[PDB]
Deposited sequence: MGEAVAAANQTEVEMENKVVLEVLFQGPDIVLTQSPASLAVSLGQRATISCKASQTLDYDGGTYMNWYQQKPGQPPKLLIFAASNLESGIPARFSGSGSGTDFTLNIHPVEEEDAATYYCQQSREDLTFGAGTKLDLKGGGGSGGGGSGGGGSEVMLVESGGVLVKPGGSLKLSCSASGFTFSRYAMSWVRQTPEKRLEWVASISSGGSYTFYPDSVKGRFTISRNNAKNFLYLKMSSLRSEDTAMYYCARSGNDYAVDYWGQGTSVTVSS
């Protein structure tokens, strides 16, 4: 019943009233994204490739998503379910592919398309390609905050939802390392009954939500320096795409 954040996460759902904390142990789907960097001139084509370690074909859909990210901002959804153009996104972005091979094509490249692009799969939890920084050979100010914490410590992050029925949507936290890698760290089902985590945060991170007050939380304890990252809350929309990202809050764990 309850909405989850990736296709495999449905298979825990229970008729008995149960609350489940889940760690899937199957082999993780690795996304190999290429090239890491490229620079083109205005009007040209940019072709970015993503190869998955196993097929994303799945009768319900092919859950390949593409995001654009500019400095100081959360990623923005461009393409969902391999080839669908997200509403509001310019038609110069198109996604294609099947099985294990996926392609983001940008043509004609425009000055505002200089950004880092990421592929992402929602078939087996959530994993991301390492990103592609696209360079080209309206005044905006965007703020965020951050803290320093010592190892072994704990922190609680929060996020607010409005303008939609929060209780209908799965929610997740994704963090971004200093090396700009995106790593999913937790998801929670729409009704709060099922929570999901990767191995890297097991026993230490807790995602929770309050559907009456429209809050999402992440509690992090036994913090390690490898938890240093910008932490984003985000909604699962159609086809397990991550379609609304809150601004990041930064966490630096240093002794």
Open item on the list: Which parts of the deposited sequence lack C-alpha coordinates in this model? Number from residue 1, please.
Closed with: 1, 139-153
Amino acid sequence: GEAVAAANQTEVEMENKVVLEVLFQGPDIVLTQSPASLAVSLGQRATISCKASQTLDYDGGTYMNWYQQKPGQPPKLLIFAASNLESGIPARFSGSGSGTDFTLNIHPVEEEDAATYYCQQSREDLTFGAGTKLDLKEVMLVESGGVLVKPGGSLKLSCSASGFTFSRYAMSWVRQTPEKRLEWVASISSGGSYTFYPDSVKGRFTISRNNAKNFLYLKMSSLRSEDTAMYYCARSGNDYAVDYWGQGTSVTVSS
From here on, numbers count along this sequence of modelled residues.
Task: Residue range whose averaged C-alpha B-factor is higher in the record, 7-15 or 231-239 - done: 7-15
- [ ] With reference to the PDB entry, specify whether the mean Cα temperature factor is higher for 30-38 or for 55-63.
- [x] 55-63
Task: Among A82, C119, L141, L77 - the residue whose C-alpha B-factor is largest in the record - done: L141
Task: Most elevated Cα B-factor in the entry, residues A114, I106, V147, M171 - done: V147
Task: Third of chain Cα B-factors occupied by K70 - done: lowest
Open item on the list: Going by the CA temperature factor in the PDB record, which third of the chain does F166 belong to: lowest, middle or highest?
Closed with: highest
- [ ] Divide the modelled residues of the chain into thirds by Cα B-factor and specify which third, lowest, middle or highest, holds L136.
- [x] middle
Open item on the list: Looking at the temperature factor on the CA atom of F205, which third of the chain's modelled residues does it land in?
Closed with: highest
Task: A91 by Cα B-factor - lowest, middle or highest third of the modelled chain - done: middle
